[PDB]
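For reference, the structure discussed in these notes is given below.
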Amino acid sequence: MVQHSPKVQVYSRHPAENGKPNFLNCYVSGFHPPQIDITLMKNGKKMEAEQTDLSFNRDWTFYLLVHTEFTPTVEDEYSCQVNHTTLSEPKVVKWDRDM
Amino acid sequence: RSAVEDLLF
Amino acid sequence: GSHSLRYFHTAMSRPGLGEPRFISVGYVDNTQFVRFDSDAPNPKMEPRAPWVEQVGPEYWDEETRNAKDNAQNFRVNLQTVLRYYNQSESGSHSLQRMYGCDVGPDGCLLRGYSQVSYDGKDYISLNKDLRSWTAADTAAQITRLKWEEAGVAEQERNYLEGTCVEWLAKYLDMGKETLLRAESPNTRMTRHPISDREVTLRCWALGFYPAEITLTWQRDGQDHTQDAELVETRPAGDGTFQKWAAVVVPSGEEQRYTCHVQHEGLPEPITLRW
């Protein structure tokens, strides 16, 4: 085979005005094989969320968007945890609202 | 519209 | 401007438990409008952009009887390949297919496509003459001969030169106001100190469509995109895209730097200084 590791960004649809309703975005992409596990975390807990359909780029590396409505507070933490064969552990990335 | 294909390898 | 109608099949042999999953997906430019999935309950082609919905019930019937037929062929194909290589059934393997057509501002057909990959490597692909094929390896060479004798390029060509082009017009019609309208980016520069002598100067462009954009920096004039951080362009979830580009810079030096955005929907380039 030929395997590429998943690249993950976690970001707010709209910049994080503290309090208001927003949308939390996990964009994972650039990976092969397609089989991948993706969950959004509420302080460490799986948030239900929708996942886009399996599409890919012209270099055949797949991409997916898992996203659910959320509302940013000042003190609770959100993060994406992703699972995939190229990775020895589940890679997990928290959401810096400056990115 | 999709393509009607008998693509068999 | 120019536009493209492309379809993306993925065929996923899950070895242990269950027949392979078949996910096709449909795009006009950067906008998904269609999706099919093989292990659904009574699976059906479904809309995924609003403008396609006012299309005949003739249409969705014929599109599932197509999507299903493809799922069959690609399950046999997934097996056919595995034996070409003498790979163990222990393994999960994927076939991907992409075909589509780019059309020019009048309607000039720019390019047609039909490419196959196995496990992410190129397998066979239709050449630019739309009449020959490139086979990556020796397994692919049996697929090639099979397809030359069956005349597969000729039916691909007619699809790409006809149905594809004709239907991309129908699509861009149904979705004018959506598809043919470019959303300018919301541009801001932020600043995030890190040391007492170094800050990050992120440069954001938000909510633009289509995803085609370029952000670039400039230190007193001199393009300073050299090891500026550019992140992959992501979807916003509402069908528009984002991308940012930060530079690290010493304290007091922000006043010399500069960001520029160009995007279709912009009249002249946006320029950002702290």
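Order determines the names: the first chain of the structure tokens is A, the second B, and so forth; residues in each chain are numbered 1 upward, and ligands are numbered 1 upward as they are shown.
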
Practice item. Write out as a ChimeraX atom specification each polymer residue whose atoms come within 9 Å of segment 208-225 of chain C, counting only C-alpha atoms; drop sequence neighbours fewer than 3 positions from it. Key: /C:29-31,179,181-186,203-205,228-230,233-235,239-247,256-265

Check your understanding: as a ChimeraX atom specification, which residues of chain A does DSSP assign to strand (DSSP E)?
Key -> /A:7-12,22-31,37-42,45-47,50-51,55-56,62-70,78-83,91-94

Give me a file of those residues, with C-alpha atoms, as a short mmCIF file (atom, residue, chain, number, x, y, z; two decimals), in the first residue's frame.
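Result file follows (again36.cif):
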```cif
data_model
loop_
_atom_site.label_atom_id
_atom_site.label_comp_id
_atom_site.auth_asym_id
_atom_site.auth_seq_id
_atom_site.Cartn_x
_atom_site.Cartn_y
_atom_site.Cartn_z
CA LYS A 7 -4.27 16.30 8.73
CA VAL A 8 -6.78 17.84 11.15
CA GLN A 9 -7.87 21.45 11.83
CA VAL A 10 -10.48 22.39 14.46
CA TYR A 11 -12.14 25.77 14.10
CA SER A 12 -15.24 27.91 14.71
CA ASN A 22 -21.76 29.03 16.65
CA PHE A 23 -20.69 25.91 14.75
CA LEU A 24 -17.73 23.72 15.70
CA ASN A 25 -15.74 22.36 12.76
CA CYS A 26 -13.40 19.39 12.53
CA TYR A 27 -11.85 19.25 9.02
CA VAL A 28 -9.74 16.12 8.45
CA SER A 29 -8.15 15.50 5.10
CA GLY A 30 -5.19 14.23 3.15
CA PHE A 31 -5.44 10.66 4.44
CA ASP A 37 -12.84 7.44 13.10
CA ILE A 38 -13.73 11.04 14.04
CA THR A 39 -15.53 12.38 17.08
CA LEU A 40 -15.84 15.87 18.51
CA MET A 41 -15.17 16.23 22.26
CA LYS A 42 -17.15 18.28 24.85
CA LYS A 45 -16.98 13.62 25.88
CA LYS A 46 -18.35 12.60 22.48
CA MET A 47 -20.70 15.23 21.05
CA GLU A 50 -23.01 15.29 11.48
CA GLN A 51 -20.32 14.00 9.15
CA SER A 55 -15.03 12.83 -1.08
CA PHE A 56 -11.38 13.11 -2.09
CA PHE A 62 -9.77 11.76 1.27
CA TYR A 63 -11.33 14.58 3.27
CA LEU A 64 -14.25 14.79 5.71
CA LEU A 65 -15.96 17.48 7.81
CA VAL A 66 -17.51 16.55 11.16
CA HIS A 67 -19.37 19.49 12.62
CA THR A 68 -22.08 20.21 15.15
CA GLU A 69 -23.62 23.37 16.52
CA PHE A 70 -21.98 24.55 19.71
CA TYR A 78 -13.65 21.37 22.75
CA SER A 79 -11.47 19.06 20.69
CA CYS A 80 -11.41 16.51 17.87
CA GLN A 81 -10.14 12.99 18.42
CA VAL A 82 -9.35 11.06 15.21
CA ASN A 83 -8.36 7.43 14.64
CA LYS A 91 -4.34 11.87 17.63
CA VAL A 92 -6.33 14.55 19.44
CA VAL A 93 -6.34 18.32 18.77
CA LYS A 94 -8.01 20.95 20.94
#
```

Review point. From the set A:19, A:72, A:33, A:6, which residue has the shortest atom-to-atom contact distance to chain C, counting only C-alpha atoms?
Key: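 Selected residue with least distance to chain C: A:33.
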
Practice item. Write out as a list in words each polymer residue whose atoms come within 12 Å of segment 53-56 of chain C, counting only C-alpha atoms; drop sequence neighbours fewer than 6 positions from it. Key: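 The contact residues come out as residues 1 of chain B; 33, 34, 45, 46, 47, 62, 63, 167, 170, 171, 173, 174 and 175 of chain C.
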
**Study point:** Nearest candidate to chain B (options C:251, C:38, C:134, C:64; using only C-alpha atoms)
**Key:**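 The answer is C:64, which sits nearest to chain B.
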
**Study point:** Minimum-distance residue to residue 6 of chain B, chosen among C:74, C:99, C:133, C:123 (using only C-alpha atoms)
**Key:**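 Selected residue with least distance to residue 6 of chain B: C:74.
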
Closest atom pairs, chain C residues within 10 Å of chain A, only C-alpha atoms, as a tab-separated table:
```
residue	atom	partner	partner_atom	distance
C:7	CA	A:55	CA	9.2
C:8	CA	A:55	CA	6.4
C:9	CA	A:55	CA	8.0
C:10	CA	A:54	CA	7.6
C:11	CA	A:34	CA	9.7
C:12	CA	A:34	CA	8.0
C:14	CA	A:35	CA	9.1
C:22	CA	A:54	CA	9.7
C:23	CA	A:54	CA	6.6
C:24	CA	A:54	CA	7.8
C:25	CA	A:55	CA	6.5
C:26	CA	A:55	CA	8.8
C:27	CA	A:55	CA	9.7
C:32	CA	A:53	CA	9.3
C:34	CA	A:53	CA	9.7
C:35	CA	A:53	CA	7.3
C:36	CA	A:53	CA	8.9
C:37	CA	A:53	CA	9.0
C:48	CA	A:53	CA	9.9
C:92	CA	A:33	CA	8.8
C:93	CA	A:33	CA	7.9
C:94	CA	A:33	CA	7.4
C:95	CA	A:60	CA	10.0
C:96	CA	A:60	CA	7.5
C:97	CA	A:60	CA	9.1
C:98	CA	A:58	CA	8.3
C:115	CA	A:58	CA	9.4
C:116	CA	A:60	CA	9.4
C:117	CA	A:60	CA	7.4
C:118	CA	A:1	CA	9.0
C:119	CA	A:1	CA	6.2
C:120	CA	A:60	CA	5.6
C:121	CA	A:2	CA	7.3
C:122	CA	A:60	CA	8.6
C:190	CA	A:98	CA	8.4
C:191	CA	A:98	CA	9.2
C:192	CA	A:98	CA	8.2
C:202	CA	A:99	CA	8.3
C:204	CA	A:99	CA	9.0
C:206	CA	A:14	CA	8.5
C:207	CA	A:13	CA	8.7
C:231	CA	A:9	CA	8.8
C:232	CA	A:9	CA	8.7
C:233	CA	A:27	CA	9.6
C:234	CA	A:27	CA	6.6
C:235	CA	A:27	CA	7.5
C:236	CA	A:13	CA	5.2
C:237	CA	A:13	CA	7.0
C:238	CA	A:13	CA	8.4
C:240	CA	A:13	CA	9.8
C:241	CA	A:13	CA	9.4
C:242	CA	A:13	CA	8.9
C:243	CA	A:99	CA	9.5
C:244	CA	A:99	CA	7.9
C:245	CA	A:99	CA	9.7
C:246	CA	A:99	CA	9.6
```

Within 6 Å of residue 143 of chain C, counting only C-alpha atoms, which residues show up once you throw out same-chain ones fewer than 3 positions away? Write them as a short mmCIF file (atom, residue, chain, number, x, y, z; two decimals) with C-alpha atoms, in the first residue's frame, please.
```
data_model
loop_
_atom_site.label_atom_id
_atom_site.label_comp_id
_atom_site.auth_asym_id
_atom_site.auth_seq_id
_atom_site.Cartn_x
_atom_site.Cartn_y
_atom_site.Cartn_z
CA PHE B 9 -11.67 -4.34 -14.63
CA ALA C 140 -3.65 -2.32 -15.05
CA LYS C 146 -10.25 -5.29 -21.75
#
```

**Study point:** Counting only C-alpha atoms, chain C residues within 9 Å of chain B, as a PyMOL selection string
**Key:** chain C and resi 7+26+59+63+66-67+69-70+73-74+76-78+80-81+99+140+142-144+146-147+152+155-156+159-160+163-164+167-168

Exercise for review: May I have all residues of segment 46-178 of chain C that DSSP, computed from the backbone, assigns to helix (DSSP H, G or I), given as an MDAnalysis selection string?
Suggested key: chainID C and resid 50:53 57:85 138:150 152:174
